[PDB]
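Atoms considered below: every heavy atom in the structure, side chains included; atoms not considered: hydrogens, waters and symmetry mates. Proteins get letters first, then strands, A, B, ... in listed order; numbering begins at 1 in each. All ligand and atom numbering here is 1-based and tracks the order in the structure.
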2 protein chains.
Amino acid sequence: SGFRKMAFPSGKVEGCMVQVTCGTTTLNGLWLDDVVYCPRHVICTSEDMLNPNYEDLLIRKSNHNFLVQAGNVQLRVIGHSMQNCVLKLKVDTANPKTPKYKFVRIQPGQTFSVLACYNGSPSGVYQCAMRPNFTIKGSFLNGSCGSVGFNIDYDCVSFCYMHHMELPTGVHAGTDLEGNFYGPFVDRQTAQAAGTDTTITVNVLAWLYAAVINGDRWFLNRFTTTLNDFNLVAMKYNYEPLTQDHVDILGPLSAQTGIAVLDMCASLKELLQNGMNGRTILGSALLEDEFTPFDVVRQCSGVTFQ
Amino acid sequence: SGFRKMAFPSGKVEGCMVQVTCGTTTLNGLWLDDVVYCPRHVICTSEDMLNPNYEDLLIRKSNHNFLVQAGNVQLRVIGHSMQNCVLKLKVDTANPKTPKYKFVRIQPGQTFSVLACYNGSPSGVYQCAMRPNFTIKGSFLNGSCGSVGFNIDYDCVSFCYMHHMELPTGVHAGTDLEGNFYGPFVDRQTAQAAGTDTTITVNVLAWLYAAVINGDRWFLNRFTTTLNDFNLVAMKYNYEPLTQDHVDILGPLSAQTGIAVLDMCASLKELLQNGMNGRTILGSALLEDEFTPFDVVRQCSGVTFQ
Ligand SMILES: O=C(C[S@@](=O)C(c1ccccc1)c1ccccc1)NO
Ligand SMILES: O=C(C[S@@](=O)C(c1ccccc1)c1ccccc1)NO
């Protein structure tokens with residue numbers, strides 16, 4: 001029993017982190033097979049980031065200008081190319097620690113773990129969600145660019161995020177491993193604001209199910225509701241609209257607990273309308289939305305990875 | 001910027017986890033050099049745990065009764081012994097993945113990372129604190145015993161916790177790596193209740209400093225206080241008494257922010273007396289106490305580990 005914000009074990013990713021230096025700029029890269037992946041703004045100076053022409057700036061760079069260091073060992077760069085907003089650096093040595101992996105572009109509302117790194121070295125691991133406005137609420141300081149976000153299924157690491165920017169509001173933006181930004185953000189130091197940070201309704205419901213499984217049930221009530229009725233409340237409180245697809249994904253948690261999805265929606269509705277009256281739910285005084293239904297099942301059942 | 005509940009990278013510990021089976025009981029062990037460490041209640045059945053005599057139950061066990069498996073490979077047990085509440089199983093092969101490590105017994109209020117494992121396999125990582133009542137609020141299911149808690153300093157893993165029990169209230173108890181329980185708990189299925197769960201005042205203050213560094217400053221006020229005056233409030237709200245030693249440890253955070261420790265105590269005092277009026281602090285609607293001053297400095301500065 002107990003429910004915690006849990007990250008995947010990070011070892012398989014730790015073995016992939018390297019340091020990339022171009023000129024006077026140093027950030028992190030991801031070494032998979034004989035390719036190192038990193039943000040293309042490694043080639044920029046602080047002056048450049050105001051209005052960079054990446055294609056023009058890359059013309060002045062050759063293989064030997066990209067210094068790649070894995071732990072204490074230097075890797076030989078034998079080719080380089082730009083794909084969207086990442087660079088791919090071909091090296092002469094396949095990473096012997098390459099895990100089974102894939103590249104995935106995730107949807108808003110999905111969660112992943114982040115290995116924060118500096119100078120190619122791991123600093124910490126934590127769990128995040130892709131917000132509905134395509135930012136993430138992370139913990140990133142200067143030099144953390146190139147750190148990546150990932151999920152694991154048994155033995156396969158699914159890389160879904162590479163860190164690129166910090167917006168002026170303190171939230172974070174980045175790309176998939178093909179270099180396409182999440183959301184409308186660009187790798188330019190300009191005026192880009194985040195949209196509304198709406199709450200991920202299906203994740204809150206899954207967390208309420210997690211609560212019930214662990215003994216926190218004071219919020220269960222005598223009511224039920226319908227999807228349309230609940231969604232009128234969701235709109236008022238800047239919650240994502242709940243669909244039948246969401247109801248279907250919560251089916252297994254409904255089955256294990258015996259609480260119909262729409263009955264749990266009626267509990268959530270009362271919590272949004274009345275607040276929590278100074279009580280807590282799984283140690284939290286607000287409604288948590290960065291656990292997916294899969295996350296809840298996984299933690300409440302003890303799935304492992306070899 | 002941003003502040004997250006962050007765990008240490010777990011790879012160095014992942015490489016130490018093994019599976020231990022005695023009879024029909026399977027839990028996790030920790031393989032360091034040529035010794036595997038695990039809870040002594042691996043030798044018990046469910047019937048035994050009501051009133052076990054561990055010395056008598058061990059007499060019926062020989063080296064070949066302890067089955068130790070690291071990944072897919074079986075380890076040869078060539079000796080075994082009991083130390084307090086852990087067993088030490090000598091094996092014929094030193095773990096090649098043994099990190100630099102030490103065994104440490106931590107104090108209440110100190111934080112550590114937990115690698116939850118099942119059947120010797122890692123499941124997830126999260127951050128915990130040793131509570132003032134010597135429990136931890138974890139996430140542990142059946143089969144998680146032997147999972148361990150640890151800190152890392154550059155290249156040295158300091159093991160401080162091994163998981164042994166779940167109390168009837170859902171909180172968790174366990175030992176250091178010498179097998180001595182934290183607090184008054186015993187490896188018996190009897191009536192053991194936790195004491196008062198007091199809040200770790202020095203950690204809350206450090207987290208308020210973290211908040212200020214990241215732009216959340218609405219709770220700063222015009223007041224100051226004294227240690228004795230603040231502690232009258234701490235007592236009322238079941239907070240740990242604040243000492244000069246605590247004030248001294250917060251010195252560096254005081255210096256970086258320019259906010260005197262006693263001024264931050266006066267902010268905390270108003271927050272305890274008035275609540276947060278529906279606002280949040282670093283994404284939380286209550287006062288977080290599982291970040292130490294060291295944790296705050298580390299995350300706000302980007303310390304790494306090689
Ligand atoms: O190297 C860093 C600083 S980077 O965030 C920042 C940047 C600054 C100088 C050179 C390259 C990039 C930037 C600016 C605009 C848009 C995205 C990123 N972190 O690791
Ligand atoms: O094997 C497990 C179950 S264990 O928690 C439980 C126990 C049950 C059967 C055999 C050994 C131990 C126990 C009971 C009383 C005090 C501490 C622990 N988890 O990994």
Side-chain angles (χ1 to χ4, degrees), chain A residues 1 19-29 38-52 54 57 85-87 116-120 123 138 140-148 162-168 170 172-175 181 185-192 302, chain B residues 1 19-29 38-52 54 57 85-87 116-120 123 138 140-148 162-168 170 172-175 181 185-192 302:
Chain A
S1 66
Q19 182 197 77
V20 186
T21 299
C22 192
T24 68
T25 303
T26 292
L27 41 59
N28 308 284
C38 73
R40 73 175 173 169
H41 70 57
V42 69
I43 68 181
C44 301
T45 79
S46 202
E47 193 164 344
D48 283 328
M49 294 304 303
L50 295 174
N51 191 29
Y54 284 97
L57 292 169
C85 295
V86 302
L87 301 178
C117 302
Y118 298 93
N119 296 118
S123 177
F140 293 113
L141 302 167
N142 288 329
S144 69
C145 294
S147 300
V148 300
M162 179 171 270
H163 182 55
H164 286 239
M165 317 195 288
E166 189 167 60
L167 304 188
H172 302 114
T175 64
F181 268 88
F185 306 111
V186 296
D187 48 358
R188 279 145 190 66
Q189 195 177 112
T190 59
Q192 32 203 337
Chain B
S1 66
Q19 182 197 77
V20 186
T21 299
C22 192
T24 68
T25 303
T26 292
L27 41 59
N28 308 284
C38 73
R40 73 175 173 169
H41 70 57
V42 69
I43 68 181
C44 301
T45 79
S46 202
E47 193 164 344
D48 283 328
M49 294 304 303
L50 295 174
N51 191 29
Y54 284 97
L57 292 169
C85 295
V86 302
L87 301 178
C117 302
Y118 298 93
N119 296 118
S123 177
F140 293 113
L141 302 167
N142 288 329
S144 69
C145 294
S147 300
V148 300
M162 179 171 270
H163 182 55
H164 286 239
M165 317 195 288
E166 189 167 60
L167 304 188
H172 302 114
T175 64
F181 268 88
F185 306 111
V186 296
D187 48 358
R188 279 145 190 66
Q189 195 177 112
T190 59
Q192 32 203 337

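At a cut-off of 3.5 Å, with distance as the only test, a side-chain donor of A:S1 or B:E166 sits close to an acceptor on the other residue.
Using cut-offs of 30° and 60° on the angle between ring planes, the pair A:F140 and A:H163 is parallel.
For the pair B:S147 (side chain) and B:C117 (backbone), a donor-acceptor distance under 3.5 Å is present. Looking only at distances, a side-chain donor or acceptor of B:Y118 sits under 3.5 Å from a matching main-chain atom of B:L141.
Near ligand 1, A:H41, A:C44, A:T45, A:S46, A:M49, A:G143, A:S144, A:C145, A:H164, A:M165, A:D187, A:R188, A:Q189 each place a heavy atom less than 4.0 angstrom from the ligand.
A:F185 places none of its side-chain heavy atoms less than 4.5 Å from the side chain of A:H164.
Partner of B:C145 under the side chain to side chain contact (heavy atoms under 4.5 Å, CB included) criterion, out of B:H41, B:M162, B:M165: B:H41 alone.
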